[PDB]
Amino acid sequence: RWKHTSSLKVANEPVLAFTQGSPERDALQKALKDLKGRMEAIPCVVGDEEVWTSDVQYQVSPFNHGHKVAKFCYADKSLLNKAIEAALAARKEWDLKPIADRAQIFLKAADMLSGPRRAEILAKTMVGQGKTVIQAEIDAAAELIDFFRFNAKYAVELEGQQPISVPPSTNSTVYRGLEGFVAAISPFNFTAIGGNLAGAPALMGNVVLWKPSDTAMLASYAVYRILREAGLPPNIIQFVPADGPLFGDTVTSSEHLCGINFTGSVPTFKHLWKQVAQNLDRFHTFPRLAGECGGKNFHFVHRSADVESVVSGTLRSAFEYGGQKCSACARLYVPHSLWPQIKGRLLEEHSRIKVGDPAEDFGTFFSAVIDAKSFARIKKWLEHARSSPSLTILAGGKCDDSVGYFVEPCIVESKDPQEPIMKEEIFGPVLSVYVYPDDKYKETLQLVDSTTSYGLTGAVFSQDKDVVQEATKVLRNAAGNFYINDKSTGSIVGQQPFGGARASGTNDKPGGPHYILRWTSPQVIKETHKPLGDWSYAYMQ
């Protein structure tokens, strides 16, 4: 016999420059102005019904928290259960739909995000989450477009991974979606992640309840709407903002939960994991938990390092988007011999860093952090950085929540490599620096590895190839994304599949080809084409 199969070749979305006079700078400016003074009312969406509840909530602009950018509402238990039921009733048909047809929807969404919807999705991310132009670009456009295209490629190619056939039998693998619904819970700090957390499972034949982050609601809903317009049928993804604990209680209580695709804090992930375990007896199948959590990421500097690359790379990793990345560098290990030079260069460039309103002033490096709870926690750390004997603020240290949740980039030196600030994830623009004796760099490599609970990202800066090989070995499990002479942030889909282990999550490497395997439960079909024969065996006669 035979069969016409299919293949799909994709390229990464080019990252636009947005320079003066460039069409994208103009489109973006126009989209930003179209948002000024306007507040979108965003409903919950179950199937095609827009639903409002009485539990109304607002999203404000991080750099100008007086401006409400969106009004939305929390689904209640009753609405969440209706969304599970409606999703389930749509699942069989959607799962049965050919991968090619499903992939097509995400390819069209990708193209929409690429061209016509680009400025919009950028503007909403800038205004809603406080991202500068370029942070919104690499996120709400590039990373999200890539997720859609590359996962589409991965899922189409996956269908061609078929078992061996041996006459008189033909074997085939059917990549079923998981039976049940998936709960997708996305964080504030990347518009791309919400799209991927709900989208990748949907792509794989699942139906999803998507709880988007309150502080990214404006742009996430834009992603939702774009998926729907690209052709996503109703009840495949339910748009259901909600209280976090309520959402988790409801989904972990449904006998129909078959997965949770989560990105956020480890305690919340662990809590969901424990709830699922507590309720194991009620589920029709074992639910799959995928969890990308935070990090306490490092830039390790060897004496041979290009000092300029260390400085720019670290400034970028530590302070871009106000350090609100699970991949952001928060501990810098510098050899004594390089410290004076690196310290001076860092302080010099630090003073050139503009923090302000990213929509009005494109010269802004980064803007306010995301919200009050985060601002509060960051102040507690800045105060710790003044209060602690082992700590000395070298630069910044100020913050001001009168207009936005503004925090100055802060650089702190620790005389204690095990100081809490060297170990605990701040999610703010707060860089800790430990200066180590050149003669003790091997023990220091060991400290990088042993100091925190995390294993997300990390970089080595070294011109000495032998030290690189050596740190690569030593730090094998300190970073799931390991960078050699580059900053620890900015993973690109298909180039650096993203994730790490230890406390940093389950490391399912979104951005790579294996990620989607979490969202399929393969069925293997063997068809035998000849009659069977005696149940007995020759050796028995």
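Residue positions are given as counts along the sequence shown, with the first one as 1.
*Higher-scoring stretch by recorded Cα B factor average, 78-86 or 253-261*: Result of the comparison: 78-86.
*Comparing 195-203 with 405-413, which has the greater mean CA B-factor as deposited?*
The stretch with the larger mean CA B-factor is 405-413.
*Top Cα B factor in the deposited entry, candidates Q29, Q496, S488, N507*: Checking the PDB record, the top C-alpha B-factor among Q29, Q496, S488, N507 is at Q29.
*Looking at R345, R288, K325, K274, which has the biggest Cα B factor in the entry?*
Spelled out: the listed residue with the top C-alpha B-factor is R345.
*Classify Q57 as lowest, middle or highest third according to the C-alpha B-factor given in the PDB entry, relative to its own chain.*
Top third by C-alpha B-factor.
*asked:* Please place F300 in the lowest, middle or highest third of its chain according to the CA B-factor in the PDB entry.
replied: For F300, whose C-alpha B-factor we compare with every modelled residue in the chain, the answer is the middle third.
*Quick one: classify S186 as lowest, middle or highest third of the chain based on its Cα B-factor.*
For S186, whose C-alpha B-factor we compare with every modelled residue in the chain, the answer is the middle third.
*Within this chain, which third does the Cα B-factor at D371 fall in: lowest, middle or highest?*
CA B-factor rank for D371: middle third.
_For the chain shown, is the CA B-factor of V15 in the lowest, middle or highest third of its modelled residues?_
Its C-alpha B-factor, which the entry lists for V15, ranks in the highest third among residues of this chain.
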